[PDB]
file data21.cif (mmCIF, N, CA and C atoms and all ligand atoms)
data_protein
loop_
_atom_site.label_atom_id
_atom_site.label_comp_id
_atom_site.auth_asym_id
_atom_site.auth_seq_id
_atom_site.Cartn_x
_atom_site.Cartn_y
_atom_site.Cartn_z
N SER N 7 8.83 -0.54 -10.95
CA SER N 7 9.64 -0.53 -12.19
C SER N 7 8.88 0.18 -13.31
N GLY N 8 9.59 0.55 -14.37
CA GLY N 8 8.97 1.20 -15.52
C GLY N 8 9.92 2.16 -16.20
N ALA N 9 9.65 2.42 -17.46
CA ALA N 9 10.51 3.29 -18.23
C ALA N 9 9.70 4.09 -19.23
N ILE N 10 10.30 5.17 -19.76
CA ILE N 10 9.72 5.91 -20.89
C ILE N 10 10.52 5.51 -22.11
N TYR N 11 9.84 5.15 -23.24
CA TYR N 11 10.55 4.78 -24.45
C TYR N 11 10.21 5.83 -25.53
N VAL N 12 11.12 6.78 -25.77
CA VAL N 12 10.91 7.84 -26.74
C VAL N 12 12.07 7.83 -27.72
N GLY N 13 11.78 7.77 -29.03
CA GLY N 13 12.85 7.69 -30.03
C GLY N 13 13.74 6.48 -29.78
N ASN N 14 15.05 6.69 -29.76
CA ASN N 14 15.99 5.63 -29.39
C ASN N 14 16.53 5.84 -27.98
N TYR N 15 15.65 6.28 -27.07
CA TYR N 15 16.06 6.46 -25.69
C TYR N 15 15.15 5.66 -24.75
N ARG N 16 15.71 5.25 -23.61
CA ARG N 16 14.99 4.57 -22.52
C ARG N 16 15.27 5.43 -21.28
N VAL N 17 14.22 6.04 -20.68
CA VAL N 17 14.37 6.87 -19.49
C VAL N 17 13.91 6.04 -18.29
N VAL N 18 14.81 5.86 -17.30
CA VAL N 18 14.49 5.08 -16.10
C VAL N 18 14.92 5.82 -14.87
N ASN N 19 14.44 5.36 -13.68
CA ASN N 19 14.93 5.94 -12.42
C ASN N 19 16.42 5.54 -12.34
N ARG N 20 17.30 6.48 -12.00
CA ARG N 20 18.74 6.15 -11.92
C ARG N 20 18.97 5.01 -10.93
N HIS N 21 18.20 5.00 -9.82
CA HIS N 21 18.42 3.97 -8.80
C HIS N 21 17.98 2.55 -9.23
N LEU N 22 17.20 2.45 -10.32
CA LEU N 22 16.75 1.17 -10.88
C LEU N 22 17.47 0.78 -12.20
N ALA N 23 18.46 1.58 -12.64
CA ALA N 23 19.15 1.30 -13.88
C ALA N 23 19.87 -0.03 -13.85
N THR N 24 19.81 -0.77 -14.96
CA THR N 24 20.47 -2.08 -15.08
C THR N 24 21.92 -1.94 -15.57
N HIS N 25 22.70 -3.05 -15.60
CA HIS N 25 24.04 -3.02 -16.15
C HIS N 25 23.96 -2.62 -17.63
N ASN N 26 22.97 -3.17 -18.38
CA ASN N 26 22.84 -2.80 -19.80
C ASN N 26 22.61 -1.29 -19.96
N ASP N 27 21.80 -0.68 -19.04
CA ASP N 27 21.60 0.76 -19.08
C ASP N 27 22.93 1.53 -18.90
N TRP N 28 23.74 1.15 -17.91
CA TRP N 28 25.01 1.82 -17.67
C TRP N 28 26.01 1.59 -18.81
N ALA N 29 25.93 0.41 -19.47
CA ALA N 29 26.83 0.09 -20.58
C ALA N 29 26.42 0.79 -21.90
N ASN N 30 25.20 1.38 -21.94
CA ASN N 30 24.72 2.10 -23.13
C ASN N 30 24.21 3.48 -22.69
N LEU N 31 24.96 4.13 -21.79
CA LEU N 31 24.55 5.36 -21.15
C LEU N 31 24.58 6.56 -22.09
N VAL N 32 23.50 7.38 -22.02
CA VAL N 32 23.43 8.65 -22.75
C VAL N 32 23.65 9.78 -21.73
N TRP N 33 22.92 9.74 -20.59
CA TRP N 33 22.98 10.82 -19.61
C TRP N 33 22.45 10.33 -18.27
N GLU N 34 23.01 10.84 -17.15
CA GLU N 34 22.48 10.48 -15.84
C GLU N 34 22.63 11.66 -14.90
N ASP N 35 21.71 11.81 -13.93
CA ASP N 35 21.82 12.88 -12.96
C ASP N 35 21.25 12.35 -11.65
N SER N 36 22.13 12.11 -10.67
CA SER N 36 21.71 11.59 -9.37
C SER N 36 20.78 12.57 -8.63
N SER N 37 21.04 13.91 -8.77
CA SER N 37 20.16 14.88 -8.07
C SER N 37 18.72 14.83 -8.56
N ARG N 38 18.48 14.30 -9.78
CA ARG N 38 17.12 14.18 -10.35
C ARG N 38 16.58 12.73 -10.29
N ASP N 39 17.41 11.74 -9.90
CA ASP N 39 17.05 10.33 -9.95
C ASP N 39 16.72 9.88 -11.37
N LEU N 40 17.45 10.46 -12.38
CA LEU N 40 17.16 10.05 -13.76
C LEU N 40 18.40 9.45 -14.46
N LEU N 41 18.15 8.50 -15.37
CA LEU N 41 19.20 7.92 -16.23
C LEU N 41 18.57 7.58 -17.55
N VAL N 42 19.26 7.94 -18.64
CA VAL N 42 18.79 7.66 -19.99
C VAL N 42 19.80 6.79 -20.70
N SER N 43 19.34 5.70 -21.33
CA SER N 43 20.22 4.82 -22.08
C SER N 43 19.72 4.74 -23.55
N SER N 44 20.58 4.24 -24.45
CA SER N 44 20.20 4.13 -25.86
C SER N 44 19.52 2.78 -26.14
N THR N 45 18.59 2.77 -27.14
CA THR N 45 17.87 1.55 -27.49
C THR N 45 18.04 1.23 -28.97
N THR N 46 17.90 -0.06 -29.33
CA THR N 46 18.01 -0.43 -30.73
C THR N 46 16.67 -0.15 -31.44
N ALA N 47 15.55 -0.46 -30.78
CA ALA N 47 14.23 -0.20 -31.36
C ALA N 47 13.68 1.17 -30.96
N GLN N 48 12.84 1.75 -31.84
CA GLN N 48 12.22 3.04 -31.60
C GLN N 48 11.02 2.89 -30.70
N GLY N 49 10.88 3.81 -29.76
CA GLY N 49 9.79 3.78 -28.80
C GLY N 49 8.60 4.59 -29.25
N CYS N 50 7.46 4.41 -28.53
CA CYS N 50 6.19 5.05 -28.90
C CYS N 50 5.70 6.17 -28.01
N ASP N 51 6.38 6.41 -26.89
CA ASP N 51 5.95 7.47 -26.00
C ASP N 51 6.36 8.83 -26.59
N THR N 52 5.54 9.83 -26.38
CA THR N 52 5.79 11.24 -26.76
C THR N 52 5.96 12.03 -25.47
N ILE N 53 6.95 12.94 -25.42
CA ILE N 53 7.13 13.77 -24.23
C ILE N 53 6.24 15.01 -24.30
N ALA N 54 5.58 15.34 -23.18
CA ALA N 54 4.79 16.56 -23.08
C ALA N 54 5.73 17.76 -23.03
N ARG N 55 5.33 18.86 -23.72
CA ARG N 55 6.12 20.09 -23.71
C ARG N 55 5.05 21.14 -23.35
N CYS N 56 4.86 21.34 -22.06
CA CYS N 56 3.74 22.14 -21.52
C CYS N 56 3.98 22.52 -20.04
N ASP N 57 2.97 23.23 -19.43
CA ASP N 57 3.08 23.52 -18.00
C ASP N 57 1.84 22.98 -17.26
N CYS N 58 1.30 21.83 -17.72
CA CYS N 58 0.18 21.18 -17.01
C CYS N 58 0.57 20.89 -15.53
N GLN N 59 -0.39 21.07 -14.63
CA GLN N 59 -0.25 20.68 -13.22
C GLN N 59 -1.34 19.67 -12.85
N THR N 60 -2.05 19.09 -13.85
CA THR N 60 -3.00 18.01 -13.63
C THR N 60 -2.70 16.91 -14.68
N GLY N 61 -2.82 15.68 -14.24
CA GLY N 61 -2.54 14.56 -15.14
C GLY N 61 -2.97 13.26 -14.51
N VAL N 62 -2.41 12.14 -15.02
CA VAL N 62 -2.78 10.83 -14.50
C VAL N 62 -1.51 10.01 -14.36
N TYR N 63 -1.36 9.26 -13.25
CA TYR N 63 -0.15 8.41 -13.14
C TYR N 63 -0.52 6.94 -12.91
N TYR N 64 0.40 6.06 -13.30
CA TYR N 64 0.22 4.63 -13.06
C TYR N 64 0.85 4.20 -11.75
N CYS N 65 0.04 3.51 -10.93
CA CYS N 65 0.45 2.97 -9.61
C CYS N 65 0.45 1.44 -9.67
N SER N 66 1.63 0.80 -9.82
CA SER N 66 1.66 -0.66 -9.94
C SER N 66 1.16 -1.40 -8.69
N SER N 67 1.36 -0.81 -7.49
CA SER N 67 0.86 -1.43 -6.24
C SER N 67 -0.66 -1.40 -6.08
N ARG N 68 -1.37 -0.75 -7.02
CA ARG N 68 -2.82 -0.77 -7.06
C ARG N 68 -3.35 -1.25 -8.43
N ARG N 69 -2.46 -1.53 -9.40
CA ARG N 69 -2.87 -1.82 -10.81
C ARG N 69 -3.89 -0.76 -11.32
N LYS N 70 -3.62 0.52 -11.03
CA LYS N 70 -4.57 1.57 -11.37
C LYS N 70 -3.89 2.83 -11.81
N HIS N 71 -4.56 3.60 -12.66
CA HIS N 71 -4.13 4.93 -13.06
C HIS N 71 -5.00 5.91 -12.29
N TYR N 72 -4.35 6.87 -11.61
CA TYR N 72 -5.08 7.85 -10.80
C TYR N 72 -4.91 9.25 -11.33
N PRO N 73 -6.01 10.02 -11.38
CA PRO N 73 -5.86 11.43 -11.75
C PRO N 73 -5.30 12.21 -10.54
N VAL N 74 -4.38 13.11 -10.83
CA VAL N 74 -3.75 13.89 -9.74
C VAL N 74 -3.50 15.31 -10.14
N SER N 75 -3.43 16.20 -9.12
CA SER N 75 -2.92 17.55 -9.25
C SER N 75 -1.49 17.49 -8.68
N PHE N 76 -0.51 18.09 -9.37
CA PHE N 76 0.87 18.01 -8.92
C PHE N 76 1.53 19.36 -8.94
N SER N 77 2.52 19.53 -8.05
CA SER N 77 3.24 20.78 -7.92
C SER N 77 4.23 21.03 -9.08
N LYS N 78 4.70 22.26 -9.24
CA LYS N 78 5.67 22.56 -10.29
C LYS N 78 7.02 21.94 -9.92
N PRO N 79 7.84 21.58 -10.91
CA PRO N 79 9.15 20.95 -10.61
C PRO N 79 9.98 21.85 -9.67
N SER N 80 10.45 21.29 -8.56
CA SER N 80 11.14 22.07 -7.53
C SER N 80 12.23 21.24 -6.85
N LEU N 81 12.97 21.89 -5.93
CA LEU N 81 14.02 21.25 -5.14
C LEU N 81 13.33 20.86 -3.82
N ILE N 82 13.18 19.56 -3.57
CA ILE N 82 12.44 19.05 -2.42
C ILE N 82 13.28 18.12 -1.56
N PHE N 83 13.09 18.27 -0.27
CA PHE N 83 14.01 17.43 0.54
C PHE N 83 13.51 15.98 0.47
N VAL N 84 14.44 15.03 0.21
CA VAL N 84 14.05 13.60 0.20
C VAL N 84 14.73 12.82 1.36
N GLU N 85 13.94 12.06 2.10
CA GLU N 85 14.46 11.32 3.28
C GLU N 85 15.43 10.25 2.79
N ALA N 86 16.45 10.12 3.62
CA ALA N 86 17.36 9.01 3.43
C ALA N 86 16.65 7.78 3.04
N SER N 87 17.37 7.18 2.14
CA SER N 87 16.86 5.90 1.67
C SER N 87 18.00 4.94 1.41
N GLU N 88 17.62 3.75 1.02
CA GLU N 88 18.55 2.66 0.68
C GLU N 88 19.25 3.09 -0.63
N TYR N 89 18.88 4.21 -1.27
CA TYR N 89 19.28 4.60 -2.66
C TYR N 89 20.00 5.94 -2.72
N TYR N 90 19.60 6.92 -1.91
CA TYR N 90 20.32 8.22 -1.78
C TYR N 90 20.38 8.71 -0.31
N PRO N 91 21.39 9.52 0.08
CA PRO N 91 21.38 9.99 1.43
C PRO N 91 20.44 11.18 1.55
N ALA N 92 20.18 11.67 2.76
CA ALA N 92 19.39 12.95 2.91
C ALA N 92 19.94 13.96 1.91
N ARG N 93 19.09 14.40 0.94
CA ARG N 93 19.58 15.37 -0.09
C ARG N 93 18.38 16.05 -0.76
N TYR N 94 18.71 17.06 -1.54
CA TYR N 94 17.68 17.86 -2.20
C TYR N 94 17.47 17.21 -3.54
N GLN N 95 16.27 16.60 -3.72
CA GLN N 95 16.14 16.08 -5.09
C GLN N 95 15.60 17.24 -5.93
N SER N 96 16.20 17.47 -7.10
CA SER N 96 15.77 18.55 -7.96
C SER N 96 14.78 18.08 -9.04
N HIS N 97 14.04 19.06 -9.63
CA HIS N 97 13.08 18.83 -10.70
C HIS N 97 12.01 17.79 -10.27
N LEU N 98 11.62 17.82 -9.00
CA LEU N 98 10.64 16.87 -8.44
C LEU N 98 9.28 17.56 -8.28
N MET N 99 8.19 16.83 -8.58
CA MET N 99 6.82 17.37 -8.43
C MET N 99 6.09 16.47 -7.44
N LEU N 100 5.31 17.03 -6.51
CA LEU N 100 4.59 16.19 -5.54
C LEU N 100 3.10 16.20 -5.76
N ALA N 101 2.45 15.07 -5.40
CA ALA N 101 0.99 14.95 -5.48
C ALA N 101 0.54 14.08 -4.31
N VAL N 102 -0.76 14.14 -4.01
CA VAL N 102 -1.33 13.28 -3.01
C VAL N 102 -1.73 11.99 -3.76
N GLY N 103 -1.13 10.99 -3.29
CA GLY N 103 -1.42 9.86 -4.08
C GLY N 103 -0.92 8.65 -3.40
N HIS N 104 -1.47 7.53 -3.80
CA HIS N 104 -0.86 6.33 -3.23
C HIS N 104 0.51 6.08 -3.86
N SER N 105 1.50 5.64 -3.04
CA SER N 105 2.84 5.17 -3.51
C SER N 105 3.52 4.13 -2.55
N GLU N 106 4.41 3.27 -3.10
CA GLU N 106 5.08 2.17 -2.35
C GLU N 106 6.38 1.87 -3.10
N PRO N 107 7.49 1.42 -2.42
CA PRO N 107 8.77 1.12 -3.07
C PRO N 107 8.33 -0.09 -3.92
N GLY N 108 8.62 0.01 -5.19
CA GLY N 108 8.01 -0.97 -6.15
C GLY N 108 7.43 -0.10 -7.25
N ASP N 109 6.92 1.13 -6.90
CA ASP N 109 6.16 2.01 -7.83
C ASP N 109 7.04 2.93 -8.72
N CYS N 110 8.23 3.30 -8.26
CA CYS N 110 9.15 4.11 -9.10
C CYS N 110 9.13 3.51 -10.51
N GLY N 111 9.13 4.39 -11.52
CA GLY N 111 8.98 3.86 -12.88
C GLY N 111 7.69 4.23 -13.57
N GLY N 112 6.59 4.26 -12.83
CA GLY N 112 5.26 4.48 -13.39
C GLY N 112 5.16 5.85 -14.06
N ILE N 113 4.46 5.93 -15.20
CA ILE N 113 4.39 7.20 -15.94
C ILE N 113 3.33 8.14 -15.41
N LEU N 114 3.68 9.45 -15.33
CA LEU N 114 2.70 10.51 -15.10
C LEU N 114 2.53 11.15 -16.51
N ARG N 115 1.28 11.34 -16.95
CA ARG N 115 1.03 11.92 -18.28
C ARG N 115 -0.10 12.92 -18.22
N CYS N 116 -0.10 13.78 -19.22
CA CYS N 116 -1.19 14.76 -19.37
C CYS N 116 -1.72 14.66 -20.83
N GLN N 117 -2.62 15.60 -21.26
CA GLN N 117 -3.13 15.57 -22.63
C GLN N 117 -2.02 15.70 -23.71
N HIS N 118 -0.86 16.23 -23.34
CA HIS N 118 0.25 16.47 -24.30
C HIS N 118 1.24 15.34 -24.42
N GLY N 119 1.22 14.40 -23.46
CA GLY N 119 2.17 13.31 -23.51
C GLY N 119 2.72 12.98 -22.13
N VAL N 120 3.91 12.34 -22.11
CA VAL N 120 4.53 11.94 -20.83
C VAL N 120 5.17 13.13 -20.13
N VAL N 121 4.89 13.29 -18.85
CA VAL N 121 5.35 14.40 -18.03
C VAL N 121 6.57 13.98 -17.21
N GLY N 122 6.53 12.76 -16.66
CA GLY N 122 7.65 12.26 -15.86
C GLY N 122 7.37 10.88 -15.31
N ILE N 123 8.19 10.41 -14.33
CA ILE N 123 8.00 9.06 -13.78
C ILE N 123 8.01 9.12 -12.29
N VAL N 124 7.33 8.17 -11.64
CA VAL N 124 7.33 8.08 -10.17
C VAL N 124 8.77 7.92 -9.68
N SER N 125 9.15 8.77 -8.74
CA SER N 125 10.54 8.74 -8.21
C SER N 125 10.55 8.70 -6.65
N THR N 126 9.58 9.40 -6.00
CA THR N 126 9.42 9.39 -4.50
C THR N 126 7.93 9.23 -4.03
N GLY N 127 7.80 9.02 -2.74
CA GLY N 127 6.43 8.92 -2.21
C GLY N 127 6.37 9.22 -0.69
N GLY N 128 5.17 9.14 -0.13
CA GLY N 128 5.00 9.36 1.31
C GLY N 128 3.66 8.79 1.79
N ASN N 129 3.28 9.24 3.01
CA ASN N 129 2.03 8.73 3.58
C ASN N 129 0.92 9.52 2.90
N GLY N 130 0.38 8.95 1.82
CA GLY N 130 -0.57 9.71 1.01
C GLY N 130 0.16 10.60 0.05
N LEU N 131 1.43 10.32 -0.24
CA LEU N 131 2.24 11.09 -1.21
C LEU N 131 2.90 10.25 -2.24
N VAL N 132 3.09 10.91 -3.39
CA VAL N 132 3.86 10.34 -4.50
C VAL N 132 4.59 11.51 -5.19
N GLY N 133 5.88 11.31 -5.44
CA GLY N 133 6.66 12.37 -6.10
C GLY N 133 6.99 12.00 -7.52
N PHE N 134 7.03 13.03 -8.40
CA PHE N 134 7.28 12.74 -9.86
C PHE N 134 8.57 13.40 -10.40
N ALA N 135 9.44 12.65 -11.08
CA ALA N 135 10.64 13.24 -11.73
C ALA N 135 10.22 13.79 -13.07
N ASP N 136 10.38 15.12 -13.17
CA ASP N 136 9.95 15.76 -14.41
C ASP N 136 10.94 15.48 -15.52
N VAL N 137 10.41 15.31 -16.77
CA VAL N 137 11.30 15.19 -17.94
C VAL N 137 10.97 16.25 -19.02
N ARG N 138 9.98 17.15 -18.78
CA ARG N 138 9.53 18.08 -19.80
C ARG N 138 10.59 19.08 -20.26
N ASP N 139 11.62 19.32 -19.41
CA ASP N 139 12.67 20.28 -19.79
C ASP N 139 13.79 19.61 -20.62
N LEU N 140 13.78 18.26 -20.78
CA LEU N 140 14.85 17.53 -21.49
C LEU N 140 14.50 17.51 -22.98
N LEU N 141 14.71 18.65 -23.64
CA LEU N 141 14.27 18.80 -25.03
C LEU N 141 14.98 17.86 -25.98
N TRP N 142 16.22 17.49 -25.65
CA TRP N 142 17.00 16.60 -26.49
C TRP N 142 16.40 15.21 -26.63
N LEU N 143 15.45 14.82 -25.73
CA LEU N 143 14.81 13.51 -25.91
C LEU N 143 14.06 13.42 -27.24
N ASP N 144 13.66 14.58 -27.82
CA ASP N 144 12.87 14.61 -29.07
C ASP N 144 13.70 14.53 -30.35
N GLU N 145 15.02 14.39 -30.25
CA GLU N 145 15.86 14.35 -31.46
C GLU N 145 17.08 13.41 -31.31
N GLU N 146 17.90 13.25 -32.37
CA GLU N 146 19.19 12.53 -32.38
C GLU N 146 19.17 11.22 -31.61
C1 LIG W 201 4.63 5.63 1.48
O1 LIG W 201 5.79 6.33 1.85
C2 LIG W 201 6.85 6.22 1.01
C3 LIG W 201 6.72 5.95 -0.33
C4 LIG W 201 7.85 5.71 -1.08
BR1 LIG W 201 7.58 5.33 -2.90
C5 LIG W 201 9.13 5.74 -0.53
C6 LIG W 201 10.38 5.54 -1.35
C7 LIG W 201 11.00 6.87 -1.73
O2 LIG W 201 10.38 7.91 -1.63
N1 LIG W 201 12.28 6.83 -2.13
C8 LIG W 201 13.03 5.56 -2.17
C9 LIG W 201 13.71 5.34 -3.50
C10 LIG W 201 14.53 6.55 -3.91
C11 LIG W 201 13.66 7.81 -3.90
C12 LIG W 201 14.45 9.02 -4.37
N2 LIG W 201 14.19 9.45 -5.60
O3 LIG W 201 15.29 9.56 -3.64
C13 LIG W 201 13.08 7.99 -2.50
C14 LIG W 201 9.24 6.04 0.82
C15 LIG W 201 8.12 6.27 1.60
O4 LIG W 201 8.14 6.54 2.93
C16 LIG W 201 9.33 6.23 3.65
ZN ZN W 202 0.29 18.90 -20.78
#
call {"tool": "encode", "arguments": {"input": "data21.cif", "output": "structure tokens"}}
result
Amino acid sequence: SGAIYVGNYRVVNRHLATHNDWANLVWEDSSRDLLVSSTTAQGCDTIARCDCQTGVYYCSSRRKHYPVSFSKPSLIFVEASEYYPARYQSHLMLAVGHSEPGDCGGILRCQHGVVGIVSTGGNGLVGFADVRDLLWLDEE
């Protein structure tokens, strides 16, 4: 679990969105595994606006933040799951890293701010949903 809190927005994995998230929906995209809802209180996270390919992510199944090198946002095949069928997840970045169902939500960040959230994983893999192209998170 986990979310990004920027301005009056809450960014979560679409597959983990609550009823309150759907009832206060701003935007959602199943191909990216992202959903944004509105919040009453202002958040403290800042979004990175950069092309970093190195950063650090939080892994709840290890209670640890790990430094990682990650690929550029791309269209990557994701294995069937209890959440989406075999499909191309878009705007996804991969890294070698520990991951477990439970971990989606964790923030990946660089020196500039939040880069994205844990969305997929593998045997020694973890995938990240990029948010750096969502410029509207910084306003309104
Ligand atoms: C350790 O191997 C895995 C780690 C993880 Br985390 C996972 C879970 C995983 O990737 N997804 C499940 C939740 C929806 C997500 C999506 N964005 O489509 C895809 C599987 C794994 O293998 C089988
Ligand atoms: Zn950066």
call {"tool": "closest_residue", "arguments": {"input": "data21.cif", "among": "N:61, N:91, N:8, N:103", "to": "residue 130 of chain N", "atoms": "only N, CA and C atoms"}}
result
N:103
call {"tool": "residues_around", "arguments": {"input": "data21.cif", "residues": "segment 15-26 of chain N", "least_positions_apart": "3", "cutoff": "6 Å", "atoms": "only C-alpha atoms", "output": "VMD selection string"}}
result
chain N and resid 9 to 12 29 39 to 45
call {"tool": "residues_near_ligand", "arguments": {"input": "data21.cif", "ligand": "ligand LIG 201 (chain W)", "cutoff": "7 Å", "atoms": "all atoms listed in the file", "output": "ChimeraX atom specification"}}
result
/N:21,38-39,84-90,95,104-110,124-133
call {"tool": "closest_atom_pairs", "arguments": {"input": "data21.cif", "of": "chain N", "to": "ligand ZN 202 (chain W)", "cutoff": "9 Å", "atoms": "only C-alpha atoms and all ligand atoms", "output": "Markdown table"}}
result
| residue | atom | partner | partner_atom | distance |
| --- | --- | --- | --- | --- |
| N:54 | CA | W:ZN202 | ZN | 5.6 |
| N:55 | CA | W:ZN202 | ZN | 6.6 |
| N:56 | CA | W:ZN202 | ZN | 4.8 |
| N:57 | CA | W:ZN202 | ZN | 6.1 |
| N:58 | CA | W:ZN202 | ZN | 4.4 |
| N:59 | CA | W:ZN202 | ZN | 7.8 |
| N:60 | CA | W:ZN202 | ZN | 7.9 |
| N:61 | CA | W:ZN202 | ZN | 7.7 |
| N:115 | CA | W:ZN202 | ZN | 7.5 |
| N:116 | CA | W:ZN202 | ZN | 4.6 |
| N:117 | CA | W:ZN202 | ZN | 5.1 |
| N:118 | CA | W:ZN202 | ZN | 4.3 |
| N:119 | CA | W:ZN202 | ZN | 6.5 |
| N:120 | CA | W:ZN202 | ZN | 8.1 |
| N:121 | CA | W:ZN202 | ZN | 7.3 |
call {"tool": "select_by_dssp", "arguments": {"input": "data21.cif", "residues": "segment 52-143 of chain N", "states": "strand (DSSP E)", "output": "ChimeraX atom specification"}}
result
/N:60-65,70-75,80-84,93-102,113-116,119-128,131-136
call {"tool": "atom_distance", "arguments": {"input": "data21.cif", "atom1": "atom C of residue 112 of chain N", "atom2": "atom C of residue 92 of chain N"}}
result
23.2 Å
call {"tool": "atom_distance", "arguments": {"input": "data21.cif", "atom1": "atom C of residue 136 of chain N", "atom2": "atom N of residue 96 of chain N"}}
result
10.1 Å
call {"tool": "atom_distance", "arguments": {"input": "data21.cif", "atom1": "atom C of residue 98 of chain N", "atom2": "atom CA of residue 69 of chain N"}}
result
23.0 Å
call {"tool": "closest_residue", "arguments": {"input": "data21.cif", "among": "N:76, N:37, N:53, N:142", "to": "residue 93 of chain N", "atoms": "only C-alpha atoms"}}
result
N:37
call {"tool": "select_by_dssp", "arguments": {"input": "data21.cif", "residues": "chain N", "states": "alpha helix (DSSP H)", "output": "VMD selection string"}}
result
chain N and resid 25 to 29
call {"tool": "closest_residue", "arguments": {"input": "data21.cif", "among": "N:31, N:50, N:141, N:81", "to": "residue 99 of chain N", "atoms": "all atoms listed in the file"}}
result
N:81
